[PDB]
Amino acid sequence: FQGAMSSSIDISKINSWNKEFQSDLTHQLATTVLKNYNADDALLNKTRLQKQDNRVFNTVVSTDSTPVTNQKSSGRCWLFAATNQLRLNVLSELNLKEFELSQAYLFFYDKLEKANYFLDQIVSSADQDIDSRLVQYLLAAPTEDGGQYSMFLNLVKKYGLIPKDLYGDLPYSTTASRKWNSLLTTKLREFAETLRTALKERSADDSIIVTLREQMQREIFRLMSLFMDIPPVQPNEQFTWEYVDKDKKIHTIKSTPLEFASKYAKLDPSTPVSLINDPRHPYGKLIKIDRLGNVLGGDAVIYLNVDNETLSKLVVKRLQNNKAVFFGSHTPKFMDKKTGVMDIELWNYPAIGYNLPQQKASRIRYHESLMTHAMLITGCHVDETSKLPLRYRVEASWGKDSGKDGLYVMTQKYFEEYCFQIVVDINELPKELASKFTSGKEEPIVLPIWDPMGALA
Amino acid sequence: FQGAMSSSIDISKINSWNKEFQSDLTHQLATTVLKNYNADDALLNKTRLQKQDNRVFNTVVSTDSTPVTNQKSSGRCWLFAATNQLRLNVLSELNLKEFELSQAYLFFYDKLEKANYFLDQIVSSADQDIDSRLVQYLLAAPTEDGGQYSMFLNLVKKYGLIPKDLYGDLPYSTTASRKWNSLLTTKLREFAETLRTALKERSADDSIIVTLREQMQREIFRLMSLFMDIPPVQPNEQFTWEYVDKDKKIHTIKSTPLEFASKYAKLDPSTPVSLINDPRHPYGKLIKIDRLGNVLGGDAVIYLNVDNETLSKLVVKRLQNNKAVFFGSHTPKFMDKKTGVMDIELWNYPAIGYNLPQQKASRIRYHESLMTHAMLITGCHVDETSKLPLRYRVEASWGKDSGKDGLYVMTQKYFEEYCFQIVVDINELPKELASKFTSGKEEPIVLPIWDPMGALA
Amino acid sequence: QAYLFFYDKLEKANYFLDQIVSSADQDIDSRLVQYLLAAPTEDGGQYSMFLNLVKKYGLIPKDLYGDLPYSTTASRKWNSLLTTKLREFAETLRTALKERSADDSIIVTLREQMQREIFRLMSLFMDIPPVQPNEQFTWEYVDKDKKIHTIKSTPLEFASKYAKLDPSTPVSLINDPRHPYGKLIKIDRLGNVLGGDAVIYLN
């Protein structure tokens with residue numbers, strides 16, 4: 001009783017506290033302003049903006065990202081950033097004023113595969129209760145648009161890549177996937193029950209279950225084909241692409257999605273590895289997200305945990321190699337879309353006595369921070385006097401009207417506190433870290449499928 | 001030197017002061033917010049708005065002001081408020097869902113008369129230099145839309161009043177008079193020179209001057225007739241007006257502008273007198289604005305200066321007599337158009353250390369406050385416990401989308417500090433004050449034509 | 001509605017801290033704690049949570065406290081700001097509880113400083129109502145006939161005398177085919193006011 005009493009909200013207390021706060025001028029000013037405008041609009045600090053909004057970068061890639069890509073109303077950031085990193089190779093190698101690899105191509109198969117992956121997850125978890133943590137989590141969002149880099153390579157290894165001119169964002173559902181996803185998800189939830197029920201009496205291998213899963217695949221594909229056409233050529237099937245270079249010269253390339261991904265996009269699925277700064281675990285360790293995937297039997301999401309200094313130096317090195325860097329972070333924390341600035345001190349919250357002492361590892365453990373989006377670092381500014389990077393240039397996939405022409409400037413501090421993963425080629429790593437991948441003695445720290453360090457949606 | 005040095009802006013001083021101010025949190029918060037939004041939008045105090053935005057009034061007139069009038073882009077407030085006070089008599093007496101007296105009718109003649117008044121002012125000041133204070137002031141804005149109540153009665157005595165159905169705001173220039181005024185003014189300035197030049201050699205009465213002034217009148221009228229038609233009937237000429245009451249019954253009234261103003265609008269030009277609270281002069285005195293006018297030879301602007309208690313009690317009495325009160329004030333000081341609130345403490349300026357100790361009389365003397373608009377008080381709330389008015393209900397002439405359906409709530413304090421004149425009927429005054437008008441021993445305090453207590457434009 | 005909204009949010013934040021203390025024994029990654037940290041100040045509620053507010057705070061006319069503040073018609077940012085703090089306090093409390101018991105004066109003080117801080121931040125986005133539950137208010141209004149009236153009452157008295165609410169009569173019925181009909185259903189831990197009534201449905 002005494003305890004509950006002390007833990008209760010006491011009306012005299014809050015009114016007394018109120019009186020106290022109202023006697024302070026900063027508080028009087030704050031409550032007057034904060035009742036009128038959004039706290040971010042009110043507290044944005046222009047004095048800070050003046051200095052931090054710097055677009056001079058001394059270490060940049062040589063090719064321009066033209067045109068600016070827009071995922072629209074979908075969580076396809078990861079696909080745009082993964083390809084925004086490769087398309088540069090085509091532009092460059094073919095001399096094009098503009099060029100885009102088809103993000104819709106990967107989107108269609110990613111969604112198809114995931115739906116299929118979901119059914120498999122259900123069968124393999126038929127032993128647990130409907131209300132178990134795992135099954136309820138599987139049913140939560142089986143076809144979300146978000147993904148990881150490993151899930152991107154899984155798609156490329158099986159399906160390749162093709163020019164956008166052969167399959168673009170024409171369909172309504174590619175730029176507004178919510179309804180499409182809702183419709184599929186409702187069906188998948190229907191099939192989840194039909195499968196679990198059927199599995200009560202029979203084993204996963206009973207031909208009955210095998211048939212049932214196939215009719216489901218068929219039905220999933222049928223519904224999907226209603227919102228997007230299946231690509232016009234198969235992974236190993238030839239396509240013909242006609243185009244124009246920057247000189248107005250015409251060319252015709254005949255290739256297959258699989259060959260195009262290597263021969264022209266220059267992607268070797270064997271070199272990219274993901275590094276991450278997850279202070280909840282020791283550095284030098286491999287981290288694995290259980291069950292997270294898209295293609296049944298494909299590669300798992302695995303990260304090599306490293307410290308920020310290491311992570312920051314790898315980004316600089318890669319930029320020096322003339323390659324943009326895929327990275328995941330917590331969007332839109334401390335990100336100002338109007339000015340295209342990512343600075344954790346751009347808003348004067350301490351002026352209203354609002355400070356956030358909780359640290360990175362705890363922010364993650366306590367449900368405050370997680371990876372939510374994927375973007376591309378195309379440049380950075382290293383400080384001459386034997387110093388490190390002070391800011392980075394970031395390319396988003398939200399159109400030219402977002403940030404400054406689609407571009408954002410990110411501080412070193414933001415990168416350390418609200419970014420987590422970067423992707424580099426294993427040959428860019430020091431033997432020390434590369435062996436962590438090449439050897440066979442590294443036992444990964446395995447996290448739950450619902451871990452905050454997952455899909456960039 | 002030492003003096004000039006001490007009076008100079010010293011760079012070290014301001015930077016030292018800056019450092020001092022930045023160490024204070026209220027200041028840090030203030031400068032962050034004040035760089036982002038308009039100070040009125042940022043400092044509006046909703047806690048205060050919550051209480052002051054009260055639309056309950058226990059002493060109101062019985063007739064509704066329908067529909068809400070809109071002067072648009074012109075300074076015809078005074079004409080709308082002067083007639084908004086009389087039209088109520090027509091609605092009431094004829095039972096009409098809606099009714100408006102023609103404001104355009106008075107506007108056309110007011111402008112015509114003023115232009116003509118200007119020429120007369122020039123002739124009578126031909127003795128002074130072109131750069132004199134008076135002549136330069138005469139040339140400043142000879143045809144502004146603003147006026148006073150005396151100038152309103154001057155028009156009514158000569159031209160009468162007619163229903164708006166016979167002459168409305170159809171012409172572009174009635175709702176956007178700037179260009180029209182600019183065009184006339186340029187001509188008047190041309191004539192000012194032609195007259196002064198002609199007067200160097202000849203006397204005002206030389207037939208040459210008499211002719212010249214007439215050709216000018218003619219030219220002024222011609223140009224005016226290009227932007228507005230002269231009313232369709234003369235002051236003593238009969239007009240025929242057909243209408244419908246609230247019962248859907250049809251009626252035809254035959255009258256003249258002059259007869260209509262008395263017989264139906266119930267205006268007796270002999271009863272209205274203007275009272276004013278101008279703390280620069282002793283109360284009990286009559287105040288006269290030299291030269292201010294519109295109709296040559298018409299009545300002068302004269303105010304009976306009284307204290308606010310007296311002024312406030314007269315407004316209550318008039319409302320109790322079921323009559324709205326014409327009043328002038330300094331718009332838009334401490335007036336919030338979105339909420340329709342007139343409260344000098346509605347914005348939390350003291351939270352940023354911004355206080356205004358300068359008093360009424362000094363505000364006027366020092367060019368900070370003057371009468372700028374005219375509106376109509378249609379109600380007020382008297383405090384039961386032997387108290388006075390706490391707030392007043394105000395009708396503006398800016399359309400239904402201004403304030404709350406065109407309505408504003410004004411505090412007693414605002415009325416005392418930022419309102420100056422009210423108009424009542426001499427029979428509403430105590431014999432004490434009325435005699436100030438009826439006797440002949442009251443020598444008025446005469447102010448310059450440019451005095452802040454003038455035309456409500 | 002803003003009157004109830006302000007107290008509902010305040011109470012919930014406070015309810016959250018209590019939930020954290022009572023679940024300090026489980027792991028940070030447990031299903032319950034992770035769920036508690038998910039959305040401690042969401043706007044949504046149940047009818048029982050509505051009566052809990054009315055029993056303690058009453059009801060007042062909107063003319064005395066409306067949706068004026070930005071955060072009442074756009075609560076997302078306000079909620080985000082509070083939630084981030086609550087997540088900070090969740091850690092500070094669990095950490096402090098490793099070494100000490102819930103009743104150690106240290107914990108009692110810590111929870112109070114948190115309440116204070118929660119209230120302070122809230123008062124920045126909405127003013128606390130102008131009168132206390134048992135404090136009199138004066139309300140002036142107009143009927144459909146244009147007649148003026150003044151009612152003097154308290155939030156608690158107004159809720160009964162004028163709004164006609166007797167918190168003892170309302171019950172919630174539900175059609176939840178997952179359970180047999182005729183049974184009572186109770187949602188564990190769901191609430192807003194610490195120690196208030198639970199969400200119970202008659203299926």
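Our structure's up above, just so we're on the same page.
Undergrad: I tried to follow the overall build of chain C on my own but got confused; where do I start?
TA: Each helix and strand in chain C was counted, giving six helices and five strands. When the elements of chain C are put in sequence order from the N terminus, they spell out α-α-α-α-α-β-β-α-β-β-β. The principal-axis extents of the C-alpha atoms in chain C amount to approximately 65 × 45 × 30 Å. Expressed as a percentage of its 203 residues, the buried residues of chain C come to 51%. By sequence separation, contacts in chain C at least 24 residues apart represent 69% of the contacts at least 6 residues apart.

Undergrad: Could you clarify how one ought to interpret the overall build of chain A in this entry?
TA: A count of helices and strands for chain A gives 16 helices and 14 strands. In terms of C-alpha radius of gyration, chain A reaches 25 Å, essentially the compact-globule figure of 23 Å for 457 residues. Counting only contacts in chain A whose residues sit at least 6 apart along the sequence, the fraction spanning at least 24 positions is 77%.

Undergrad: Quick question: what am I supposed to make of a nonpolar patch on the surface here?
TA: Residues and elements named next belong to chain C. Residues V171, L173, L184, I200 and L202 make up a contiguous nonpolar surface patch of about 500 Å² in total accessible area. As for its position among the elements, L202 is in strand β5 (residues 199-202). Since its relative accessible area comes to 34%, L202 is described here as partly exposed.

Undergrad: What is the right way to read helix α11 (residues 207-227) of chain B from this model?
TA: Because each turn of an α-helix spans 3.6 residues, side chains separated by three or four positions end up pointing in the same direction. All names here are of chain B. Spanning 21 residues, α11 covers 31 Å between terminal C-alpha atoms, matching the ideal 30 Å at 1.5 Å per step. For α11, every residue scored as buried is listed here: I209, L212, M216, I220, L223 and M224. The buried side chains of α11 occupy one side of the element, clustering within an arc of 105° when seen end-on. Away from the buried face of α11 by more than 90 degrees, exposed residues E214 and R218 are located.

Undergrad: Explanation requested: the packing of aromatic side chains in the structure shown.
TA: The geometry of an aromatic ring pair is captured by the separation of the ring centres together with the interplanar angle, meaning the angle of the planes. Applying the stated criterion across every chain yields a total of 56 aromatic pairs over all chains. Consider the rings of A:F239 and A:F260, whose centres lie 5.7 Å apart with planes at 55°: the pair is tilted. Separated by 21 residues along the polypeptide, A:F239 in strand β2 (residues 239-244) and A:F260 in helix α12 (residues 257-263) bring together distant segments of the chain. This pair shows no difference in class: A:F239 is buried, exactly as A:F260 is. Aromatic rings pair up to connect A:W17, C:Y3, C:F6, C:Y7, C:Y57, C:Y65 and C:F119 into one cluster.

Undergrad: Before we go on, may I ask you to explain the pattern of salt bridges in this structure?
TA: When the charged atoms of two side chains lie near each other, side chains of opposite charge can form a pair. This model, assessed by the stated rule, comprises 68 salt bridges over all chains. In this structure, A:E93 and A:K266 form a salt bridge, with 2.7 Å as the shortest nitrogen-oxygen distance. With A:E93 in helix α6 (residues 77-94) and A:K266 in the loop between α12 and β4 (272-276), the pair connects residues that are 173 residues apart, well separated along the chain. Accessibility expressed as a relative area gives 45% for A:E93, which makes it partly exposed. Between A:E368 and C:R87 there is a salt bridge, and its shortest N-O distance comes to 3.1 Å. In this pair, A:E368 sits in the loop between α14 (360-365) and β10 (373-382) while C:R87 sits in helix α4 (residues 76-99), so the two residues belong to two different chains. We note that A:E368, like C:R87, is buried. Residues joined in a network through salt bridges with shared partners are A:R318, A:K323, A:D425 and A:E428.

Undergrad: Help me out: how do you make sense of the packing of helix α10 (residues 178-201) of chain B against α11(B) in this one?
TA: Pairs of packed helices are described in terms of their axes, by the angle between the two and the distance that separates them. Residue and element names in this part refer to chain B. Their axes nearest at 11 Å, the elements α10 and α11 cross at an angle of 175°. Regarding the angle of α10 to α11, the classification is roughly antiparallel. Residues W180, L183, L184, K187, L188, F191, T194, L195, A198 and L199 of α10 lie in contact with α11, whose contacting residues are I209, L212, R213, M216, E219, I220, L223, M224 and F227. Class assignment of the residues belonging to the contact of α10 with α11 gives a composition of 15 nonpolar, one polar and three charged.

Undergrad: Please explain helix α2 (residues 31-38) of chain C as it appears in this structure.
TA: Listed as buried for α2(C) are C:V33, C:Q34, C:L36 and C:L37. When α2(C) is viewed along its axis, its buried side chains cluster within an angular range of 155° and face the same direction. Contact partners of the buried residues in α2(C): α8 (133-140) and α14 of chain A together with α1 (2-22) and α4 of chain C. Two or three places before C:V33, at the start of α2(C), stands the capping residue C:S30, its side-chain oxygen 3.3 Å from that residue's backbone nitrogen.

Undergrad: What exactly am I supposed to notice about the interface of chain A and chain C here?
TA: Taken together, the contact between chain A and chain C spans 41 residues of the former and 43 residues of the latter. Considering each element in turn, the side of chain A that touches chain C owes the most residues, eight residues, to helix α2 (residues 11-22) of chain A. Grouping the constituent residues of the side of chain A that touches chain C by class yields 16 nonpolar, 16 polar and nine charged.

Undergrad: Any chance you could explain the interface of chain C and chain B here in plain terms?
TA: It is common to report an interface's size as the accessible area lost on association of the parts. Facing the 13 residues of chain C at the interface are 10 residues of chain B. With both chains or domains summed, chain C and chain B bury close to 810 Å², and 53% of this area falls on carbon and sulfur atoms. Together, C:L68, C:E140 and C:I148 form the three largest contributors to the area buried by chain C at its contact with chain B, with a combined 63%. Connecting chain C to chain B are one salt bridge. In this structure, C:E140 and B:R391 form a salt bridge, with 3.5 Å as the shortest nitrogen-oxygen distance. Here chain C is connected to chain B by four residue pairs in polar contact. If you tally residues by element for the side of chain C that touches chain B, the top one is strand β1 (residues 137-142) of chain C, at three residues. In terms of residue class, the side of chain C that touches chain B is made up of eight nonpolar, one polar and four charged.

Undergrad: Would you explain the side chain of B:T271 in this entry?
TA: Structurally, B:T271 can be placed in the loop between α12 (257-263) and β4 (272-276). B:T271 gets classed as buried once you look at its relative accessible area, which sits at 16%.

Undergrad: When you look at the packing of helix α3 (residues 25-36) of chain A against helix α5 (residues 105-125) of chain C in this model, what are you seeing that I'm missing?
TA: Contact geometry for α3(A) and α5(C): axes closest at 6 Å, N-to-C directions at 55°. Judged on the interaxial angle alone, α5(C) and α3(A) are oblique. Contacts between α3(A) and α5(C) involve A:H27, A:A30, A:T31, A:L34 and A:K35 on the former and, on the latter, C:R120, C:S123, C:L124 and C:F125. In terms of residue class, the contact of α3(A) with α5(C) is made up of four nonpolar, three polar and two charged.

Undergrad: Teacher, can you tell me more about the pairing of β5(C) here?
TA: Put simply, side chains in a regular strand alternate between the two faces of the sheet. Residues and elements named next belong to chain C. A one-sided burial pattern is seen for β5, the buried positions being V199 and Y201 and the unburied ones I200 and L202. By the bridge criterion, two bridges tie strand β3 (residues 172-173) to β5 in an arrangement that is parallel. Bridging from a neighbouring strand, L173 pairs with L202 of β5. Taken together, the four bridges between strand β4 (residues 184-187) and β5 define a ladder with antiparallel strand orientation. Counted as the bridge partner of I187 is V199 from β5.

Undergrad: How should I be thinking about the pairing of strand β11 (residues 389-395) of chain A in this particular structure?
TA: All names here are of chain A. The element β11 is largely enclosed, with a buried count of five among its seven residues. The turn joining β10 and β11, which pair antiparallel and follow one another in sequence, is formed by six residues; a positive phi near 35° is taken by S386. With five bridges joining them, β11 and strand β12 (residues 407-411) adopt antiparallel strand pairing. Paired with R393 across the bridge in β12 is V409.

Undergrad: How should I be thinking about the sheet that holds β3(C) in this particular structure?
TA: With respect to topology, three strands assemble into an open sheet ordered β3-β5-β4 (chain C), the strand pairing being mixed. Every interior strand has two partners, whereas the edge strands, β3 and β4 of chain C, have only one.

Undergrad: What should I look at first to understand the environment of A:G328 in this one?
TA: Residue and element names in this part refer to chain A. For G328, the location among the structural elements is in strand β7 (residues 325-329). A relative accessible area of 0% places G328 in the buried class. When near neighbours in sequence (up to four residues on either side) are disregarded, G328 contacts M371, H373, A374, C419, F420, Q421 and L456.

Undergrad: Looking at this structure, I do not really get the environment of C:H179. What am I missing?
TA: Residues and elements named next belong to chain C. Relative to the elements of secondary structure, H179 occurs in the loop between β3 and β4. Taking C-alpha positions, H179 is 7.7 Å from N203, a pair spaced 24 residues apart along the chain. Other than its neighbours up to four places away in sequence, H179 contacts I185 and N203. Here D176 takes part through its side chain, which lies 2.8 Å from a polar atom of the side chain of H179.

Undergrad: Any chance you could explain unusual backbone geometry here in plain terms?
TA: Trans is the common state for peptide bonds, and a negative phi is the common state for residues other than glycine. All names here are of chain B. Note the cis peptide between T66 and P67, where omega equals 0°. Relative to the assigned elements, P67 resides in the loop between β1 (59-60) and α6 (77-94). Here the bond from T331 into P332 is cis, since omega is 0°, no more than 30 degrees from zero. You can see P332 is positioned in the loop between β7 (325-329) and β8 (335-336). The phi dihedral of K266 falls on the positive side, at around 60°, and the residue is not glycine. A relative accessible area of 40% places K266 in the partly exposed class.

So, how was this worked out
- Sequence order as written determines residue numbers, which begin from 1 on each chain and need not coincide with the entry numbering; residues that lack coordinates are not included.
- Think of it this way: whatever chain is written first is A, whatever ligand is written first is 1, and the rest follow in order.
- All values in this entry refer to the displayed chains, which constitute part of a larger assembly.
- Each side-chain value is derived from all of the structure's non-hydrogen atoms; neither hydrogens nor water enter the calculation.
- Residues with missing side-chain atoms are left out of burial classes, side-chain pairs and their counts.
- By the criteria applied, helices consist of DSSP H or I runs no shorter than four residues and strands consist of E runs no shorter than two, each listed in order from the N terminus.
- Here's how the labels work: a residue is buried when its accessible area is under 20% of the maximum for its type, exposed when over 50%, partly exposed in between, all with a 1.4 Å probe on protein chains only.
- Residues count as neighbours in contact if any of their non-hydrogen atoms are within 4.5 Å of one another.
- Radius of gyration: C-alpha atoms only; globule rule: 2.2 Å multiplied by the number of residues to the exponent 0.38.
- Excluding any residue in a salt bridge, patches collect residues exceeding 30% relative accessible area, merging like charges within 9 Å and nonpolar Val, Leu, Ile, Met, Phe, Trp and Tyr side chains within 5 Å.
- Computed by Shrake-Rupley with a 1.4 Å probe, the accessible areas treat only the displayed protein chains as cover when residues are assessed.
- In what follows, salt bridge is the name for a side-chain nitrogen of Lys or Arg lying within 4 Å of a carboxyl oxygen of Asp or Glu.
- Here the expected span of a helix is defined as 1.5 Å times the quantity of residues minus one.
- The arc under discussion is defined with respect to the helix axis, by the directions toward the C-beta atoms.
- Any pair of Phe, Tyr and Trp rings, taking the six-membered ring for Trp, is counted once the centres come within 6.5 Å. Such a pair is stacked with planes under 30 degrees apart, edge-to-face with planes over 60 apart, and tilted for the rest.
- Convention adopted: a line fitted to C-alpha atoms gives each axis, helices being fitted over their contacting stretch, and angles between N-to-C directions are expressed from 0 to 180 degrees.
- The scheme is simple: roughly parallel for angles under 35 degrees, roughly antiparallel for over 145, roughly perpendicular for 65 to 115, oblique for anything else.
- Only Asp, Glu, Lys and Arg are considered charged in this grouping, and only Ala, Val, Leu, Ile, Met, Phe, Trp, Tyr, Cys and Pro are considered nonpolar; every other residue, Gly among them, is considered polar.
- N or O atoms closer than or at 3.5 Å make up a polar contact, with two conditions inside protein: a donor-capable atom paired with an acceptor-capable one, and, for residues adjacent in sequence, both atoms drawn from side chains.
- The term buried area denotes the loss of accessible surface (1.4 Å probe radius) that occurs when two parts are joined, taken as the sum for both partners.
- At least two bridges found by DSSP between two strands is the condition for calling them paired.

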